[PDB]
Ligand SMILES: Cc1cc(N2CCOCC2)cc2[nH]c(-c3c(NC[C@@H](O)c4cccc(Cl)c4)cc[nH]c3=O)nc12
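Quick heads-up: it's one chain on its own, the form solved without the named molecule, in structure tokens.
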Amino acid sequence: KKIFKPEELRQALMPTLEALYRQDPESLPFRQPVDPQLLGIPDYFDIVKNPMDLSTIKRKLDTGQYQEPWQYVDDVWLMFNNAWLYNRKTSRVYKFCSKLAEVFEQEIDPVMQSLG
């Protein structure tokens, strides 16, 4: 307690996710799960033990898998930290991740205040 209904969390938090999706080209590496099979990077899951991406976060909101808002924030940051862990600092993915984190920080704060 506080108790959050899945519908309130979705209503309040989805705009913050949409803000990330709206970033182009910066969201593009983040819209679906990393496929180490396709990209030929079999070490990806050795390095990244808990993968996360926007599609997965959107599904969790959509299907009521978050009980409290910090679980959502933690997944967003997991996505960021996975990308900064794995990718070189000159890479598109890395630079795009840094942009997404700037955008997210701005959106998430007033939302998290309201939700309490």
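The numbering used is simple: start at 1 and walk along the sequence shown. So that the term is clear: the rigid core is the largest set of C-alpha atoms that superpose within 1.5 Å between two forms.
**Student:** Do the Cα atoms of 83 to 91 or those of 35 to 43 sit farther, on average, from the shown form in 7 other deposited structures of this protein after fitting on the core?
**Tutor:** The stretch that sits farther from the shown form in 7 other deposited structures of this protein is 35 to 43.
**Student:** Please pick 101 to 109 or 5 to 13, whichever has its Cα atoms farther from the shown form in 7 other deposited structures of this protein after a rigid core fit.
**Tutor:** Farther from the shown form on average in 7 other deposited structures of this protein: 5 to 13.
**Student:** Determine, for stretches 6 to 14 and 93 to 101, which one has the higher mean CA B-factor as deposited.
**Tutor:** Taking the mean C-alpha B-factor of 6 to 14 and of 93 to 101, the larger value falls to 6 to 14.
**Student:** Tell me which stretch, 67 to 75 or 39 to 47, has the higher mean Cα B-factor listed in the entry.
**Tutor:** The entry gives the higher C-alpha B-factor average to 39 to 47.
**Student:** Would you please rank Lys58 by its C-alpha temperature factor against the other modelled residues of its chain and give the third it falls in: lowest, middle or highest?
**Tutor:** Answer is lowest: the recorded C-alpha B-factor places it there.
The same protein also exists as the form deposited with the named molecule bound; that form is not shown, yet it is the one meant from here on.
**Student:** Ok, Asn50, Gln67, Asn81, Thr63: which has a heavy atom sitting within 4.5 Å of the named molecule in the deposited complex?
**Tutor:** After the contact test, the surviving option is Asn81.
**Student:** Please run the contact check for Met112 against the named molecule in the deposited complex: heavy atoms, 4.5 angstroms, yes or no?
**Tutor:** Judged by the heavy-atom cut-off of 4.5 Å, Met112 is in contact with the named molecule in the deposited complex.
**Student:** Going by the named molecule in the deposited complex, which residues of 85 to 113 come within 4.5 Å of it through any heavy atom?
**Tutor:** Heavy-atom contacts within 4.5 Å come from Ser98, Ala101, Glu102, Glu105, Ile108, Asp109, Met112.
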